[PDB]
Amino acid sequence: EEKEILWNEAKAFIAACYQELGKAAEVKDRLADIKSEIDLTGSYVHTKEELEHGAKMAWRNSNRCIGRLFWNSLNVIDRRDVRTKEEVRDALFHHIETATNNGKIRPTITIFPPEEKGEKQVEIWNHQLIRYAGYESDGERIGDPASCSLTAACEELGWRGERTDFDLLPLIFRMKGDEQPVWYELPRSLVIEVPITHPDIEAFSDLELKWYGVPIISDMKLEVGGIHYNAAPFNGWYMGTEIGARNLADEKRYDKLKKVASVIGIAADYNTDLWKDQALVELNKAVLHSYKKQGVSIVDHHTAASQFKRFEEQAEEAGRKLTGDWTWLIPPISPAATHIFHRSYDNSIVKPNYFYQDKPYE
């Protein structure tokens, strides 16, 4: 009965995947073998090629992603073999090292064993493999509020943060069978961080801002042909606005705009001065400059939008329908200056794809 759903999702997926791979003739016999595998086992196992291509399609179908031009160059690491928490740990460490690539970031995904009966083999608690802790107590606020609750959950497990504004959270995950997750401190040698400086306002370094090099999302499920890879962390490189216009700017995040206005020498008293907008622009210029100066990959929202226009053009030529979420595709800074703002996008969900799933805590 769920053997049903799996089979249909498998037919749809294998047909399209083998088609795109020029292997249309092998569809029939591969489906045959799958049809039997589901019967006996209650599931089927992807070939390395299907799994690599599915992860690529899934990125291609991510409506909210402006970076999709490069879907076909995704570096897929197949780690369906892992059985131990040491192996998971070492896999997660490797992912960080290989994706980082000394600053020249490789979009990469590491794929762990999929859910069995909706039962997770590996359950990752981090939202990104590399994220900063957040604390709030007695009015006091330190670090990244977005991480307050995961931070409290790590501190239930005998971890303790130093309470700087940029404590690296440990990796934390649970193995099937275990009642509590384990946690491992990140080796600082693996984590590139970028101090934020401004191209020509030297006082900007007084803010003592920094951010980490690589956003590695670890809380989404990759679904491919009815197989549910709940643990499959992936990374791109940052678009500068994500850091400069949100992580560092939002009132519910680091909330730095007033501090930025002060070091850039402008008043923060009157809305009509547009001081927040000016602060946002200088902060965002600073972030791109710092990543570039440090030789860590990053893209500005204008170039990103240009690439996405190429993605739109490439999709039409291949005869693929384009889907997209206008509300996430527009950048949070000068959106009307990108072509994205001035057109609309069909927000339909096509599979394979990445999906939200609930965290264990919270």
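Throughout, we count residues from 1 along the sequence that is shown.
Higher average CA B factor: 174 to 182, of the stretches 174 to 182 and 196 to 204. The PDB entry records a higher mean C-alpha B factor for 156 to 164 than for its counterpart among 156 to 164 and 283 to 291. When the C-alpha B-factors of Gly54, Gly42, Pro331, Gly67 are ranked from the entry, the top spot goes to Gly42.
Which of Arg60, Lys321, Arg310, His302 has the largest Cα B-factor in the deposited entry comes down to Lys321. Ranked by Cα temperature factor within the chain, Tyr345 sits in the middle third according to the deposited record. Among all modelled residues in its chain, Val122 ranks in the highest third by Cα B-factor. When the modelled residues of the chain are ordered by their C-alpha B factor, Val296 lands in the lowest third. The entry lists a Cα temperature factor for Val82 that places it in the highest third of the chain's modelled residues.
Split the chain's modelled residues into thirds by C-alpha temperature factor. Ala91 is in the middle one.
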